[PDB]
Amino acid sequence: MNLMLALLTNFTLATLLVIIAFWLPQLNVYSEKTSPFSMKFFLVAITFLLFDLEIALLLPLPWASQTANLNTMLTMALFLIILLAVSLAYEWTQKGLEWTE
Amino acid sequence: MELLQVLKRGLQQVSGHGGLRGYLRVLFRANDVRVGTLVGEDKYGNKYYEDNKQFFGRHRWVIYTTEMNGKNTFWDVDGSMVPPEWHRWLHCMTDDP
Amino acid sequence: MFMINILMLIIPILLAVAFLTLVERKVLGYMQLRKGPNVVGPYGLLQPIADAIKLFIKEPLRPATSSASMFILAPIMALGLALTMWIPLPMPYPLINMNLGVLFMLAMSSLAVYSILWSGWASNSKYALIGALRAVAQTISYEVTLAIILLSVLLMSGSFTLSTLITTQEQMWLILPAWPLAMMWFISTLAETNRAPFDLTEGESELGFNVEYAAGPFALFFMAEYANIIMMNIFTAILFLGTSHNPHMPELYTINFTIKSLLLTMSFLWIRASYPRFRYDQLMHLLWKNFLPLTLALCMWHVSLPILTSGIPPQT
Amino acid sequence: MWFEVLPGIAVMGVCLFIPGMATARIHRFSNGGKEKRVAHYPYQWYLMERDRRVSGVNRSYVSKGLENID
Amino acid sequence: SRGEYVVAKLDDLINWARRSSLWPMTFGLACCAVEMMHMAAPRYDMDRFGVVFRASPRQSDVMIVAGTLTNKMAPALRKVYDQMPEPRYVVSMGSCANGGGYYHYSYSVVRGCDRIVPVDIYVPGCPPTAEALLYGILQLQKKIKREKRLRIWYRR
Amino acid sequence: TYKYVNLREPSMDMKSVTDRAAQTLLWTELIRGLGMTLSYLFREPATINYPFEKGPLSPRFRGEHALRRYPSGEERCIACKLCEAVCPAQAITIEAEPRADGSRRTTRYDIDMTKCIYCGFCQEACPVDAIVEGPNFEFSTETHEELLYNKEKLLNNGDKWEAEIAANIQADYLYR
Amino acid sequence: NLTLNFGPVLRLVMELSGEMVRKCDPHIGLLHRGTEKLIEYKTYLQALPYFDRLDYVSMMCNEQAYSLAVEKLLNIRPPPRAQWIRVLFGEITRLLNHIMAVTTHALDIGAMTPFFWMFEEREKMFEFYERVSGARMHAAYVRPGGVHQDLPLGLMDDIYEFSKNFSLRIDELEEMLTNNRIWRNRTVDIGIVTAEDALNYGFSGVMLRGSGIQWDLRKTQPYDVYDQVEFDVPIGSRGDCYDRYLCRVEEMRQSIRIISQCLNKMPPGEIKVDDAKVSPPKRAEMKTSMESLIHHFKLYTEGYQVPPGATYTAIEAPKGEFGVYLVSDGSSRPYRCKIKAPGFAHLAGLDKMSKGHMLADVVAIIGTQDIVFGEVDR
Ligand SMILES: CCCCCCCCCCCCCCCCCC(=O)OC[C@H](COP(=O)([O-])OCC[N+](C)(C)C)OC(=O)CCCCCCCCCCCCCCCCC
Ligand code: SF4
Ligand code: SF4
Ligand code: SF4
């Protein structure tokens, strides 16, 4: 219940400031004023997604070090990170990480 | 030791303005509580001070009068309230008050 | 009493953000051989209050936005999330004692990109959208290193609990065994919060995304942005500059911990005054070609180092 | 001078001290002068709920010692 | 308490906030922009009054026209003025902006910026000293201090 | 003679190459820049406390035009129109006629302080030290019409600033 | 390609293919005031203040170029003391321009702090202007025949105290920029100009010297007493923004070297040509002598007549080669006065220099050319 109140208070407070911000100066009456897809940007987002997913597989590492099979665990932990570095090398050499046309 | 002397000068500014009340008066009007040698006063009440240890540009200042020509100038000071005779000394066009 | 606790956390945060604007303007002034605000109140102590009132009684624009509902959602989300990232911070006792607090802060921090993206749409300007896309690509790129670096540090701590980082540093700061990670964590926090030398948004002559906002709505984006600057520097001190906790005198922790959190916040202002600005293609290369190769290599080193020394931390 | 920057730091410093000082005091006020119990794992929660039943008063922080044993 | 007393004090609170946080948008068109930079320089340090060095057009309360306004530039000036959120003030700096100055009789110069936008303060000189523009800014502060928006609304 | 600014060949020995590796990895020259800004944080700022302190000026300063008198009270101007001829901005307008006592005196003397470029040629051309630029530089107005001076406004300025104008001219007329 | 009319005193019309700048189209004229047409309704003295307002960062070097041109058509010579004064303040003006050029070049790309340190030095140099002429910026102190007035007593001592400390100010500026890796990345191999394209595009000044061309009018076609002082001309090797930044920083040091010689070799004498049909007499002798009153009357109403003829006269102004094609018809007012601003040709090469560079580099390239639109548009 505590975490629920904390979220309710923060967003309720933010909404109040926003609406009274759009209305408090409107208590004033000012005269009415009257009167390309980029490919490289997309590749940054996709590269982040595939890297972000691989991070999801690495988050449980601290708990994985508590096992009695450290030899197996340490072998796969270094395999995931090595594979993550192989993806970076492939993009680097294939001109993926460039911003020049 | 030199840390101590800094605090002593900080206290002697309170006594050099006439206690706390005078010290606060020049902190809110002028935003500065330095103490200088009085050079003179003009007929409108402005008081002029000098301190030659200060770097060129801060070595002369004027504490404006609180009333001039029937206008309340306690808060509404203005740089054109300096009469011509003192306008020449305050702007360092001469060394003679 | 919990409701009183929430208000004892929110209001002081906003007041701290209010007077951070003053301190920033005066530290920058003295590094530039000038003073900064010293007229509005003694030593400019009333300057923050004058600025707040002025913005909230100034007429807002609200242009012909394509939605007019994202234009109001963006500042709510930014400020709402900025205050939410404080609730698990041990100072030294959290408001909410989460078991996975370190993971909670990553999760909430990755949602702050929407307010940047939504405000881009709402502006209805094609150019303002380009500025939003560059800012978004910057934020997601540099939170790759935040996640991996954090994982590397927690391998010497053993949990995602934020208060366990206090126990871990009960004999020595983690800055000593992990200073290379601290360097790339500190710079990664500047890029996340669009701070110089990484402020292309506010870096005129190349672009910002929050350009159509004025008055109160603009201040809401500003307040959220500065509350994140304090929060990230509080996170850094807990992570790399652990403060000893005495259960009988908890105030002793708070004073020491606050001084560290201030010194790291002033370092942000110090760095703004000293360096020129990165180019967009150059801060991306600083991440994908320099930080990431080292972060990945150090992650391998920190997974293996505890094993080969027999220094794996306890799970609990 | 540079020391005229400090007063702004003191106000900013004090505002970052209240949240830490307030939480520590409120916990002790609401937990009978002790730290708030930390229950991250099911075993700790089981003990805390058991303490609630042993207190007589439905409060986890009222501890019963040997004087409660015959 | 009387209604005429609350409005008088509320007028002083809004005036105090507005004149203590003037954020200027500087139109640096010609030599007069150089003197405006010396007002931001350490000698005078406009920032210590609350006057920020640079502000965007939509976050700004005052427009400073510093230089010669040409006929090819006038439409851009009016557009920026119309997009300034209110309240908004214009300071005319220098002879060129006040009345055309040295180029008054030119075919490509607008004779004074006050026939394109309204002007609150005129700062004379060619260029005005950085201490003369600062005097003008502090004269705009006192003008805002005399505003009585609430005391006139209460008597409608 | 000439010198090269950027024509050095960096050494390729191991110690030199390692020196640049430490600089690249440990950010040595960036932290050298932080120290310089730290030094300025402890230097006394150059700000003056305007309006209670003023920036230094000199007797030659060129400010607000003004019309002077002889020590008897008679006007110095004799409507020669040299200042009107030399003014590069054509900011001066003059009309004259015989006075009741027969003197050559102006009936109009206007300066448009928005055409004026504050150049000082009017006071160089004057043969009798009548039109001068004074030391006042704080005379900004709230309307455009207050900056169109006529002979009454200019004579009031001269009487108002004569004490300071005379002392400045005393201090500089030996260079003219 | 995406097109942006960035607009506002520069309006840039660029087409961008993503991050690259495929074409740059500068639209100028937002500060055209018809200066060259107004000079035709003025006497030669009345047109002197116009030149202070063309390149308003280097005021006293625009007077010198105009004064050299008129003195050439008049066939007269300024006196030796005036020439030494005109070099002393030519180099002080060159410190004023390079501080503005370098520090506003660095402020537009993020580094805001060096601007405030060095504008305290500009303020002090504005006092040297104000103590000789009475005006901080538009002195109108250099004139055909010499200088208006002589130096006040004690000014040369104050110039010495300022120059004694300036070299330290430059060093602090170089501690922030020269070796900073962020600054180098923004300026190295950006806007590369070949030594042959620079000549054919009309470049002058550090736009030539940055590409290795050994050219400086102060040494090859000297004027006043620049052939009696010692200084070195910085030369670049790669012809980019970084090399040009080093040439201006090193030219600030060579100005302090020239100033140290002007203060020591300043001769006595008069400060304007002793011919009262060109330069006005002294006020003391204008009030006692009949000829001196006649010549004062005519010089300030009609002006001195200049013999018929045309001349192109140029100097090594801080921003490059500044000159005027002054044409005379034998009367008191010039017939035609064309002004050659170095930034007019430099800004016409922006399109060439920004090929294959990012949008954020166009900011740096405009900075390295040191453009002031008072002279570009006139
Ligand atoms: C026994 C086993 C030991 C195993 C571990 C051994 C570790 C040995 C040391 C490894 C190197 C250490 C890593 C350092 C990080 C290097 C990152 C990097 O990419 O460098 C190159 C990068 C860029 O390198 P570059 O731009 O010069 O060139 C890269 C390569 N080429 C030339 C090909 C392009 O440097 C930067 O990160 C730029 C910095 C940006 C500006 C940052 C401002 C700094 C302000 C001071 C902050 C001080 C830190 C405060 C910390 C406070 C924490 C509380
Ligand atoms: S008023 Fe004078 S200084 Fe200002 S732009 Fe015009 S000519 Fe230049
Ligand atoms: S200062 Fe120059 S422009 Fe102004 S009135 Fe005198 S002569 Fe004319
Ligand atoms: S030059 Fe002097 S005397 Fe002649 S008209 Fe002008 S002010 Fe009068």
# chains A, B, ... in the order shown; residues from 1 in each chain; ligands from 1
>>> interface_residues(of="chain G", to="chain E", cutoff="7 Å", atoms="only C-alpha atoms", output="list in words")
residues 9, 29, 30, 31, 32, 33, 34, 53, 56, 116, 119, 120 and 374 of chain G
>>> select_by_dssp(residues="chain B", states="alpha helix (DSSP H)", output="PyMOL selection string")
chain B and resi 2-16+19-29+84-90
>>> write_last_selection(atoms="C-alpha atoms", output="PDB file, in the first residue's frame")
ATOM      1  CA  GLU B   2      44.948  34.573   8.999  1.00  0.00           C
ATOM      2  CA  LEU B   3      41.631  32.739   9.098  1.00  0.00           C
ATOM      3  CA  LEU B   4      41.021  34.433  12.451  1.00  0.00           C
ATOM      4  CA  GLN B   5      41.781  37.905  11.083  1.00  0.00           C
ATOM      5  CA  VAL B   6      39.239  37.398   8.288  1.00  0.00           C
ATOM      6  CA  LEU B   7      36.475  36.838  10.841  1.00  0.00           C
ATOM      7  CA  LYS B   8      37.634  39.846  12.871  1.00  0.00           C
ATOM      8  CA  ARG B   9      37.243  42.102   9.833  1.00  0.00           C
ATOM      9  CA  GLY B  10      33.846  40.539   9.175  1.00  0.00           C
ATOM     10  CA  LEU B  11      32.734  41.543  12.666  1.00  0.00           C
ATOM     11  CA  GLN B  12      34.287  45.017  12.543  1.00  0.00           C
ATOM     12  CA  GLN B  13      32.073  45.834   9.556  1.00  0.00           C
ATOM     13  CA  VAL B  14      29.037  45.431  11.820  1.00  0.00           C
ATOM     14  CA  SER B  15      30.514  47.910  14.301  1.00  0.00           C
ATOM     15  CA  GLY B  16      31.760  50.179  11.510  1.00  0.00           C
ATOM     16  CA  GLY B  19      25.579  48.191  14.903  1.00  0.00           C
ATOM     17  CA  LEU B  20      23.322  45.578  13.387  1.00  0.00           C
ATOM     18  CA  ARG B  21      20.596  48.015  12.320  1.00  0.00           C
ATOM     19  CA  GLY B  22      22.951  50.166  10.257  1.00  0.00           C
ATOM     20  CA  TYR B  23      24.746  47.080   8.958  1.00  0.00           C
ATOM     21  CA  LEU B  24      21.485  45.607   7.660  1.00  0.00           C
ATOM     22  CA  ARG B  25      20.402  48.952   6.184  1.00  0.00           C
ATOM     23  CA  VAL B  26      23.392  49.079   3.823  1.00  0.00           C
ATOM     24  CA  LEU B  27      23.095  45.352   3.057  1.00  0.00           C
ATOM     25  CA  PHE B  28      19.585  45.794   1.612  1.00  0.00           C
ATOM     26  CA  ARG B  29      19.996  49.195  -0.051  1.00  0.00           C
ATOM     27  CA  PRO B  84      27.669  67.474 -11.316  1.00  0.00           C
ATOM     28  CA  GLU B  85      30.380  68.510  -8.846  1.00  0.00           C
ATOM     29  CA  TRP B  86      30.526  64.971  -7.446  1.00  0.00           C
ATOM     30  CA  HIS B  87      29.779  63.385 -10.831  1.00  0.00           C
ATOM     31  CA  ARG B  88      33.366  64.190 -11.838  1.00  0.00           C
ATOM     32  CA  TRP B  89      35.046  62.716  -8.747  1.00  0.00           C
ATOM     33  CA  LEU B  90      32.893  59.573  -8.638  1.00  0.00           C
TER      34      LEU B  90
END
>>> residues_around(residues="residue 90 in chain E", least_positions_apart="3", cutoff="8 Å", atoms="only C-alpha atoms", output="list in words")
residues 62, 63, 64, 65, 117, 118, 119, 120 and 121 of chain E
>>> interface_residues(of="chain C", to="chain A", cutoff="8 Å", atoms="only C-alpha atoms", output="PyMOL selection string")
chain C and resi 2-3+6+56-60+72+75-77+79-81+83-84+87+96+133-134+137+140-141+144+147-148+151+154-155+158-159+215-217+220+281+285+288+293+296+299-300+303-304+307+312+314-315
>>> residues_around(residues="range 147-160 of chain F", least_positions_apart="2", cutoff="6 Å", atoms="only C-alpha atoms", output="ChimeraX atom specification")
/F:66-68,109-113,144-145,162
>>> write_last_selection(atoms="N, CA, C and O atoms", output="compact mmCIF listing (two decimals), in the first residue's frame")
# COMPACT_ATOMS: atom_id res chain seq x y z
N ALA F 66 25.26 70.05 -25.14
CA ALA F 66 24.78 71.11 -24.27
C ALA F 66 25.29 72.45 -24.77
O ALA F 66 26.31 72.53 -25.46
N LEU F 67 24.57 73.52 -24.41
CA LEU F 67 24.90 74.88 -24.81
C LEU F 67 25.40 75.67 -23.61
O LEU F 67 24.73 75.72 -22.57
N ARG F 68 26.55 76.31 -23.76
CA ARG F 68 27.23 77.00 -22.67
C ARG F 68 27.02 78.51 -22.74
O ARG F 68 26.55 79.05 -23.74
N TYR F 109 17.55 76.10 -32.12
CA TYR F 109 18.74 75.24 -32.06
C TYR F 109 18.27 73.87 -31.57
O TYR F 109 18.10 73.67 -30.37
N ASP F 110 18.07 72.95 -32.51
CA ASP F 110 17.58 71.61 -32.20
C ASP F 110 18.66 70.59 -32.51
O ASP F 110 19.37 70.71 -33.51
N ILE F 111 18.77 69.59 -31.65
CA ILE F 111 19.57 68.40 -31.92
C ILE F 111 18.65 67.20 -31.82
O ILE F 111 17.96 67.02 -30.81
N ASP F 112 18.62 66.38 -32.87
CA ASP F 112 17.89 65.12 -32.85
C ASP F 112 18.83 64.06 -32.30
O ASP F 112 19.72 63.57 -33.00
N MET F 113 18.64 63.71 -31.03
CA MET F 113 19.53 62.76 -30.36
C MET F 113 19.31 61.33 -30.82
O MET F 113 19.94 60.42 -30.26
N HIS F 144 9.92 58.47 -27.58
CA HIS F 144 10.80 58.96 -28.64
C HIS F 144 10.87 60.48 -28.67
O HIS F 144 11.90 61.04 -29.04
N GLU F 145 9.79 61.15 -28.28
CA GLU F 145 9.71 62.60 -28.42
C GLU F 145 10.55 63.34 -27.39
O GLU F 145 10.89 64.51 -27.62
N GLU F 162 27.26 72.93 -15.99
CA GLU F 162 28.35 73.87 -16.23
C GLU F 162 29.51 73.63 -15.26
O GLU F 162 30.68 73.76 -15.65
>>> residues_near_ligand(ligand="ligand 4", cutoff="12 Å", atoms="only C-alpha atoms and all ligand atoms", output="ChimeraX atom specification")
/F:65-69,75-87,91-96,104-111,120-133,151,154-155 /G:296-297,300-301
>>> decode(residues="range 31-88 of chain B", atoms="C-alpha atoms", output="compact mmCIF listing (two decimals), in the first residue's frame")
# COMPACT_ATOMS: atom_id res chain seq x y z
CA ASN B 31 24.03 44.98 -1.35
CA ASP B 32 27.49 45.75 0.06
CA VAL B 33 28.74 46.18 3.62
CA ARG B 34 32.25 47.48 3.03
CA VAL B 35 33.51 50.30 5.26
CA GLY B 36 35.41 53.21 3.74
CA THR B 37 36.67 56.65 4.66
CA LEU B 38 34.01 59.34 4.40
CA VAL B 39 35.07 61.92 1.80
CA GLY B 40 32.10 64.24 2.17
CA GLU B 41 28.37 64.76 1.90
CA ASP B 42 26.37 66.82 -0.58
CA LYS B 43 23.40 69.06 0.14
CA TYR B 44 20.94 66.33 -0.91
CA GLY B 45 22.26 63.81 1.64
CA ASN B 46 24.40 61.54 -0.54
CA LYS B 47 27.54 60.34 1.25
CA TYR B 48 30.77 59.54 -0.60
CA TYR B 49 33.37 57.00 0.53
CA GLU B 50 36.81 55.92 -0.68
CA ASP B 51 39.05 52.93 0.05
CA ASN B 52 42.30 52.87 -1.92
CA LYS B 53 43.07 49.24 -1.02
CA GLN B 54 40.19 48.25 -3.33
CA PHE B 55 40.91 47.59 -6.98
CA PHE B 56 40.39 50.43 -9.44
CA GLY B 57 36.64 50.75 -10.01
CA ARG B 58 35.54 49.72 -6.51
CA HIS B 59 37.63 52.31 -4.64
CA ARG B 60 34.90 54.98 -4.73
CA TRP B 61 31.19 54.56 -4.07
CA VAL B 62 28.19 56.67 -3.08
CA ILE B 63 25.49 55.81 -0.55
CA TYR B 64 22.45 57.67 -1.86
CA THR B 65 20.20 59.82 0.29
CA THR B 66 16.85 58.45 1.45
CA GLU B 67 14.98 61.52 0.17
CA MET B 68 15.63 63.91 -2.72
CA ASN B 69 13.47 66.69 -4.17
CA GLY B 70 10.50 65.38 -2.23
CA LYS B 71 10.83 61.82 -3.56
CA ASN B 72 11.20 58.73 -1.38
CA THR B 73 14.51 57.16 -2.46
CA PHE B 74 15.01 54.57 0.29
CA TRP B 75 14.47 51.80 -2.28
CA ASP B 76 14.24 53.72 -5.58
CA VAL B 77 17.83 54.90 -5.99
CA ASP B 78 19.03 56.21 -9.34
CA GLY B 79 22.43 56.94 -10.87
CA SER B 80 21.38 60.42 -12.01
CA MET B 81 20.99 61.61 -8.40
CA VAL B 82 24.72 62.49 -8.27
CA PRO B 83 25.15 66.27 -8.71
CA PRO B 84 27.67 67.47 -11.32
CA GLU B 85 30.38 68.51 -8.85
CA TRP B 86 30.53 64.97 -7.45
CA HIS B 87 29.78 63.38 -10.83
CA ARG B 88 33.37 64.19 -11.84
